[PDB]
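>>> sequence unavailable; structure follows:
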RNA sequence: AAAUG
RNA sequence: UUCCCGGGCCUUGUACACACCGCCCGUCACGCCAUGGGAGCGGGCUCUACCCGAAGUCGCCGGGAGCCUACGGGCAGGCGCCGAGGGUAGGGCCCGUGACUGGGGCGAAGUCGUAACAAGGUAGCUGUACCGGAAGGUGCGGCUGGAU
RNA sequence: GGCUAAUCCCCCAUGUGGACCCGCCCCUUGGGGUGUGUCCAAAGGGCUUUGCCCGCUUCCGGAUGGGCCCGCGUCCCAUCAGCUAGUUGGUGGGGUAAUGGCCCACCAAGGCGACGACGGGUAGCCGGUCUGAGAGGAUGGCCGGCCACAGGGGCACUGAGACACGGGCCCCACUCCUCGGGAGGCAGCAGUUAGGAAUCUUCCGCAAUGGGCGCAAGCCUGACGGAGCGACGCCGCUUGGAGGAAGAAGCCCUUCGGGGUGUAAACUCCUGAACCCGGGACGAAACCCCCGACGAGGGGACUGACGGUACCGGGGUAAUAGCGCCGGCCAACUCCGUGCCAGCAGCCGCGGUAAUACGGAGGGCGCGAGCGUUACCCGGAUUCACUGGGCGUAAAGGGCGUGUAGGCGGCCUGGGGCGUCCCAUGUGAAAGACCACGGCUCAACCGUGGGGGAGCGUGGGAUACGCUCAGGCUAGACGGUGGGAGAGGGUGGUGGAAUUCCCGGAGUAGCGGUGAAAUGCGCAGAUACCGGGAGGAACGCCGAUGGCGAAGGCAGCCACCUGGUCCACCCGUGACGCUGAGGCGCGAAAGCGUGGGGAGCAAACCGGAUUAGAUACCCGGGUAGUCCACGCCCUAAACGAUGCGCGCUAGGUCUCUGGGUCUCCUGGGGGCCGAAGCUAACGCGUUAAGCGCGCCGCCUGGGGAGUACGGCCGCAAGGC
Ligand SMILES: [Mg+2]
Ligand SMILES: [Mg+2]
Ligand SMILES: [Mg+2]
Ligand SMILES: [Mg+2]
Ligand SMILES: [Mg+2]
Ligand SMILES: [Mg+2]
Ligand SMILES: [Mg+2]
Ligand SMILES: [Mg+2]
Ligand SMILES: [Mg+2]
Ligand SMILES: [Mg+2]
Ligand SMILES: [Mg+2]
Ligand SMILES: [Mg+2]
Ligand SMILES: [Mg+2]
Ligand SMILES: [Mg+2]
Ligand SMILES: [Mg+2]
Ligand SMILES: [Mg+2]
Ligand SMILES: [Mg+2]
Ligand SMILES: [Mg+2]
Ligand SMILES: [Mg+2]
Ligand SMILES: [Mg+2]
Ligand SMILES: [Mg+2]
Ligand SMILES: [Mg+2]
Ligand SMILES: [Mg+2]
Ligand SMILES: [Mg+2]
Ligand SMILES: [Mg+2]
Ligand SMILES: [Mg+2]
Ligand SMILES: [Mg+2]
Ligand SMILES: [Mg+2]
Ligand SMILES: [Mg+2]
Ligand SMILES: [Mg+2]
Ligand SMILES: [Mg+2]
Ligand SMILES: [Mg+2]
Ligand SMILES: [Mg+2]
Ligand SMILES: [Mg+2]
Ligand SMILES: [Mg+2]
Ligand SMILES: [Mg+2]
Ligand SMILES: [Mg+2]
Ligand SMILES: [Mg+2]
Ligand SMILES: [Mg+2]
Ligand SMILES: [Mg+2]
Ligand SMILES: [Mg+2]
Ligand SMILES: [Mg+2]
Ligand SMILES: [Mg+2]
Ligand SMILES: [Mg+2]
Ligand SMILES: [Mg+2]
Ligand SMILES: [Mg+2]
Ligand SMILES: [Mg+2]
Ligand SMILES: [Mg+2]
Ligand SMILES: [Mg+2]
Ligand SMILES: [Mg+2]
Ligand SMILES: [Mg+2]
Ligand SMILES: [Mg+2]
Ligand SMILES: [Mg+2]
Ligand SMILES: [Mg+2]
Ligand SMILES: [Mg+2]
Ligand SMILES: [Mg+2]
Ligand SMILES: [Mg+2]
Ligand SMILES: [Mg+2]
Ligand SMILES: [Mg+2]
Ligand SMILES: [Mg+2]
Ligand SMILES: [Mg+2]
Ligand SMILES: [Mg+2]
Ligand SMILES: [Mg+2]
Ligand SMILES: [Mg+2]
Ligand SMILES: [Mg+2]
Ligand SMILES: [Mg+2]
Ligand SMILES: [Mg+2]
Ligand SMILES: [Mg+2]
Ligand SMILES: [Mg+2]
Ligand SMILES: [Mg+2]
Ligand SMILES: [Mg+2]
Ligand SMILES: [Mg+2]
Ligand SMILES: [Mg+2]
Ligand SMILES: [Mg+2]
Ligand SMILES: [Mg+2]
Ligand SMILES: [Mg+2]
Ligand SMILES: [Mg+2]
Ligand SMILES: [Mg+2]
Ligand SMILES: [Mg+2]
Ligand SMILES: [Mg+2]
Ligand SMILES: [Mg+2]
Ligand SMILES: [Mg+2]
Ligand SMILES: [Mg+2]
Ligand SMILES: [Mg+2]
Ligand SMILES: [Mg+2]
Ligand SMILES: [Mg+2]
Ligand SMILES: [Mg+2]
Ligand SMILES: [Mg+2]
Ligand SMILES: [Mg+2]
Ligand SMILES: [Mg+2]
Ligand SMILES: [Mg+2]
Ligand SMILES: [Mg+2]
Ligand SMILES: [Mg+2]
Ligand SMILES: [Mg+2]
Ligand SMILES: [Mg+2]
Ligand SMILES: [Mg+2]
Ligand SMILES: [Mg+2]
Ligand SMILES: [Mg+2]
Ligand SMILES: [Mg+2]
Ligand SMILES: [Mg+2]
Ligand SMILES: [Mg+2]
Ligand SMILES: [Mg+2]
Ligand SMILES: [Mg+2]
Ligand SMILES: [Mg+2]
Ligand SMILES: [Mg+2]
Ligand SMILES: [Mg+2]
Ligand SMILES: [Mg+2]
Ligand SMILES: [Mg+2]
Ligand SMILES: [Mg+2]
Ligand SMILES: [Mg+2]
Ligand SMILES: [Mg+2]
Ligand SMILES: [Mg+2]
Ligand SMILES: [Mg+2]
Ligand SMILES: [Mg+2]
Ligand SMILES: [Mg+2]
Ligand SMILES: [Mg+2]
Ligand SMILES: [Mg+2]
Ligand SMILES: [Mg+2]
Ligand SMILES: [Mg+2]
Ligand SMILES: [Mg+2]
Ligand SMILES: [Mg+2]
Ligand SMILES: [Mg+2]
Ligand SMILES: [Mg+2]
Ligand SMILES: [Mg+2]
Ligand SMILES: [Mg+2]
Ligand SMILES: [Mg+2]
Ligand SMILES: [Mg+2]
Ligand SMILES: [Mg+2]
Ligand SMILES: [Mg+2]
Ligand SMILES: [Mg+2]
Ligand SMILES: [Mg+2]
Ligand SMILES: [Mg+2]
Ligand SMILES: [Mg+2]
């Protein structure tokens, strides 16, 4: 498994599309910091540290919209879209002035900085850039 | 392609093949007719179209079309040509410019006469 | 480029 | 078994 | 109700749709264009070795011998190294061109057959091999992109 | 051959200082400072004249213009893959302003290259310019910056500076002038000529700015400031404006009634481009003169090429319009002529007698001193895809492994701070661009300010992610112990069924074969039958939709050597991993070499039928080959037409092989139908073609063509 971060992102993305209540990913303090923003910005209810067969995981509690009417009752998503930017193949870094605006404010851009894991909103405030981790909406 | 491969091999910029090779850069080019005859075209047309084998100043020889109805062009006539082909006559890739050198304008022409090199009438 | 006798050569 | 327009 | 002519419904194949009186393949004949090969021929560039070698700076000499003096020197003059290029010989790359030759493209109301698309009337296609006016055929193994 | 001056040249002196050698101090590449030895300067001319002005001489610093060196950036071909003897380094020296193999002697044997050396092709490079949503592409003319060249080449002289466009030498080619040769060098400004599709006046002035020399008046300036030609480009302006019929004539259409040009004109009034007449510049105030001081400062004067021009006044004539298109894209429609002719054409396509597509005409559309065409660049082309594509069947997964480089990589704690991020700071000339103001009556053009950014030097800071060093971990990976299934591979051995031939026996008139036949075999005793021999090759039933292998591919049975692999237990190592350009290996059939072998079968080849033919299909023969050993060849519908590893996203059912408590649960294989999702559809779907990350390979319209040339491989066939 080459990229842990994409894995997680995709674990989630995969999970929301059949609407699992939750889904666990292997634990990492950096995976947490990202997950932290994912909940605090309200893309998830939240997460909690767990263990399976003695193995550290981060169970992520998934969030969805109201049931719908019509021939397809399947609800809207909270996370419509979550995809990696920076990758191990091509690392992506932005400077402050280069930090993008996701879906015109409607979504966020997570990025790792020398001042912790932040949002696009958050970085432009603290006045820093960093490895653009991913984009969510 | 992976990003790595792109760093390695990169994208191959497409190149452009001129459709007017004999011109050698230039807009038009002077020449003399060696043969002046008529050629029947390819399907589904039928005609006897007016052409000249023409020897360029680049010491080349191209087959070139003679526009208009009727012409004063003959063997040894000095002529000026321009780009653009005639789809029905394979091998004709250049047009004669009427109203230049021993190439006359089209007698009695009234419509779009700039193209056919005819001076403004009565 | 020699023609039948035309002073033009090409 | 047995061609073509 | 097997066959021949025509028709109905369901199904299957199709490269047909001007709809099977459909499509379509190769040689061979003719015309045109471009390209390869070719005894060679012409040019451009280029590399190696050697011969000769201007001007010119550098170096030696300046004496059987000139001039100057400021003469333990200078200048003329002589030798030398290198040196533009010239010459001889032998190579490398590129371009043009050549009796003839190979297939290719186009042209077309030509000649031969009918290989393929319907089980296309021997399922097709395939790598290879041999053979044949030509499509092609046949052997061995492979594929289904075939059987219904 | 001889005379002579100087700011020309030399010697002695002088020595603030400087140059050099040696010692020492600070420094740190040859930067400063000392000490001793020794070595070096010089030029006078002016006026009004016991003084100031221009010169000269040595040294020190500034300023400006440079030389050299370094980091990073800079086009196409790998069908250019190897390159190098001053080559790479050292020693000593030569040379220069100065470092350096720049040059020399010598010594060592080095230097460069898939991060593309060497070679070939193409190009002067940048500010910028063009296009573009941007990213990017294309381009480098004019103006600014650097370089390079001055007919082709070599050279050095002088000099602060040159190896010097209008300086010098020598060789070459060429042309010129009248026998010894003397001559030239417009890629300065004009002009000629050639070439070409094409590219200007042998103009005007030093008035301005700017340069050289001069104490200064001034002299020179084809830099320049203006003028000339060219719609070449952009920008401004004109050929008029108000009125004028239910509407002239003419022409076009027509349903014969009318419809159109068209308020268009004619005609009316109003204006007044051009042209006349007068006045008429800004650009030009400095140097110079005057007082003071030849300074500060104040006052005088001089000069304008463009130019009698712009511009400002007075008068004042209705005063040029053309080009492209009107089938669709694409705005513009009707008559006639023509009849696949003449012709149009950017693509689809028009023309064969009623053509909105050809040629004319009426009418219409579009732009307008221009409109079109040709050429080229960017665009549309997300059609090289970074932004921003793809590969089951559309072009595209390498026939399959193994692995070098490379790219990429789990969890935790810390050190460094390289990437990364922030801040300060320097740089990023000017012109151009952008915003705002402003000046020519606007505009084009031109001034003045403002906003800057990428990128790089420096200083500081941060530490999540990437990196790196260091410490631990067990989830990846790999081992241990035990156990399994299987046509996995290699060698050898060996068993039966059948075909064939041969011998024997018995037996007789046909057998064979096809659609039907014939050729063939058969009284010389065939076929059919019995017994015995010889020999080669393939292994029936089991047998499956099954199993094994990375692929090719592997099947009677035995033994031996040997690979892959699944399971259980949870023992060991502690990220040891994934992928993988090259490299290496393997690779069905056919084919090739040298020996065997040869029963059945069977390309080629003979014959018999069919047929118009039948170089086929069908029948009777039959050679290679098929078999074995060794060595080659290296192809394929080498296919799942689907590269490999990992994580993640319903299940239902069939089956093969394991472990469990055996209803069933759990691993690893093989199928089927299907959630979500994908897909152009067909179909795919935990055996993905779904969702994602890593790495490799590959595609970029059809044909030409897997052809040619080159190169490598091969005996060849032929492969890449
Ligand atoms: Mg026709
Ligand atoms: Mg036609
Ligand atoms: Mg016209
Ligand atoms: Mg037929
Ligand atoms: Mg025929
Ligand atoms: Mg019937
Ligand atoms: Mg019925
Ligand atoms: Mg049917
Ligand atoms: Mg159908
Ligand atoms: Mg030829
Ligand atoms: Mg040839
Ligand atoms: Mg010799
Ligand atoms: Mg010599
Ligand atoms: Mg002497
Ligand atoms: Mg030489
Ligand atoms: Mg030579
Ligand atoms: Mg010579
Ligand atoms: Mg040639
Ligand atoms: Mg040749
Ligand atoms: Mg066939
Ligand atoms: Mg057929
Ligand atoms: Mg047949
Ligand atoms: Mg057939
Ligand atoms: Mg078929
Ligand atoms: Mg075959
Ligand atoms: Mg045959
Ligand atoms: Mg024959
Ligand atoms: Mg077969
Ligand atoms: Mg089929
Ligand atoms: Mg004297
Ligand atoms: Mg002295
Ligand atoms: Mg040497
Ligand atoms: Mg040295
Ligand atoms: Mg030295
Ligand atoms: Mg050297
Ligand atoms: Mg040596
Ligand atoms: Mg050039
Ligand atoms: Mg150049
Ligand atoms: Mg593009
Ligand atoms: Mg320029
Ligand atoms: Mg320039
Ligand atoms: Mg030169
Ligand atoms: Mg020269
Ligand atoms: Mg010249
Ligand atoms: Mg010269
Ligand atoms: Mg001087
Ligand atoms: Mg000069
Ligand atoms: Mg010179
Ligand atoms: Mg020079
Ligand atoms: Mg000159
Ligand atoms: Mg002259
Ligand atoms: Mg000139
Ligand atoms: Mg001229
Ligand atoms: Mg000419
Ligand atoms: Mg001019
Ligand atoms: Mg002046
Ligand atoms: Mg001046
Ligand atoms: Mg002059
Ligand atoms: Mg003009
Ligand atoms: Mg009017
Ligand atoms: Mg009326
Ligand atoms: Mg009317
Ligand atoms: Mg009328
Ligand atoms: Mg009518
Ligand atoms: Mg009327
Ligand atoms: Mg003035
Ligand atoms: Mg006075
Ligand atoms: Mg006047
Ligand atoms: Mg007036
Ligand atoms: Mg009047
Ligand atoms: Mg008028
Ligand atoms: Mg137009
Ligand atoms: Mg248009
Ligand atoms: Mg229209
Ligand atoms: Mg006619
Ligand atoms: Mg037309
Ligand atoms: Mg008709
Ligand atoms: Mg008509
Ligand atoms: Mg018309
Ligand atoms: Mg048209
Ligand atoms: Mg205009
Ligand atoms: Mg284009
Ligand atoms: Mg674009
Ligand atoms: Mg992409
Ligand atoms: Mg595509
Ligand atoms: Mg393939
Ligand atoms: Mg291969
Ligand atoms: Mg590695
Ligand atoms: Mg790494
Ligand atoms: Mg990592
Ligand atoms: Mg750092
Ligand atoms: Mg600037
Ligand atoms: Mg204004
Ligand atoms: Mg400005
Ligand atoms: Mg460690
Ligand atoms: Mg074991
Ligand atoms: Mg036999
Ligand atoms: Mg017997
Ligand atoms: Mg085994
Ligand atoms: Mg353990
Ligand atoms: Mg341990
Ligand atoms: Mg591997
Ligand atoms: Mg093989
Ligand atoms: Mg074989
Ligand atoms: Mg053979
Ligand atoms: Mg053999
Ligand atoms: Mg043999
Ligand atoms: Mg026969
Ligand atoms: Mg036969
Ligand atoms: Mg037979
Ligand atoms: Mg036989
Ligand atoms: Mg045989
Ligand atoms: Mg298969
Ligand atoms: Mg295909
Ligand atoms: Mg592979
Ligand atoms: Mg494959
Ligand atoms: Mg298997
Ligand atoms: Mg399964
Ligand atoms: Mg199973
Ligand atoms: Mg399915
Ligand atoms: Mg569905
Ligand atoms: Mg499943
Ligand atoms: Mg399934
Ligand atoms: Mg697909
Ligand atoms: Mg393309
Ligand atoms: Mg093509
Ligand atoms: Mg092509
Ligand atoms: Mg081939
Ligand atoms: Mg080949
Ligand atoms: Mg070849
Ligand atoms: Mg052979
Ligand atoms: Mg062969
Ligand atoms: Mg291949």
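Perfect, thanks for sending it. Numbering: from 1, shown residues only, chains lettered A, B, ... in the order given. Ligands and ions are numbered 1, 2, ... in the order given.

>>> and stretch A:34-47 with RNA strand F, contact?
No: with C-beta under 7 Å from any atom of the strand as the criterion, RNA strand F is not reached by stretch A:34-47; the gap is at least 8.4 Å. C-beta coordinates here come from the backbone N, C-alpha and C atoms, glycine included.

>>> how about that stretch: buried residues?
In terms of neighbour count (16 or more other C-beta atoms under 10 Å in any protein chain shown), stretch A:34-47 has its buried residues at A:34, A:35, A:37, A:38, A:43, A:44, A:47.

>>> again, but for stretch A:9-27
Taking 16+ other C-beta under 10 Å as the criterion, stretch A:9-27 shows A:9, A:11, A:12, A:13, A:15, A:16, A:23, A:24, A:25 as buried.

>>> quick one on the thing from earlier: in helices only, show me the buried residues of stretch A:34-47.
Counted as lying in helices by DSSP state H, out of the buried residues of stretch A:34-47, are A:34, A:35, A:37, A:38.

>>> apart from its neighbours in sequence, what residue is nearest the residue nearest the centre of chain B?
The centroid of chain B falls nearest to residue B:94 when counting by C-alpha atoms, centre = their mean (1.3 Å). Using C-beta to C-beta, 6 or more residues apart in numbering or on different chains and skipping residues adjacent in sequence, the residue nearest residue B:94 is residue B:64, 4.3 Å away.

>>> need the contact list for that neighbour.
B:51, B:52, B:53, B:54, B:79, B:81, B:92, B:93, B:94, B:95, B:96 (C-beta atoms under 8 Å, 6 or more residues apart in numbering or on different chains).

>>> rebuild those residues as JSON lines, extending it with secondary structure and distance to RNA strand F.
Conversion of these to JSON lines gives the following (DSSP: H, G, I helix; E, B strand; the rest coil; distance: C-beta to the nearest atom of the strand, whole Å):
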{"residue": "B:51", "secondary structure": "strand", "distance to RNA strand F": "11"}
{"residue": "B:52", "secondary structure": "strand", "distance to RNA strand F": "13"}
{"residue": "B:53", "secondary structure": "strand", "distance to RNA strand F": "17"}
{"residue": "B:54", "secondary structure": "strand", "distance to RNA strand F": "11"}
{"residue": "B:79", "secondary structure": "strand", "distance to RNA strand F": "10"}
{"residue": "B:81", "secondary structure": "strand", "distance to RNA strand F": "8"}
{"residue": "B:92", "secondary structure": "strand", "distance to RNA strand F": "9"}
{"residue": "B:93", "secondary structure": "strand", "distance to RNA strand F": "9"}
{"residue": "B:94", "secondary structure": "strand", "distance to RNA strand F": "8"}
{"residue": "B:95", "secondary structure": "strand", "distance to RNA strand F": "7"}
{"residue": "B:96", "secondary structure": "strand", "distance to RNA strand F": "11"}
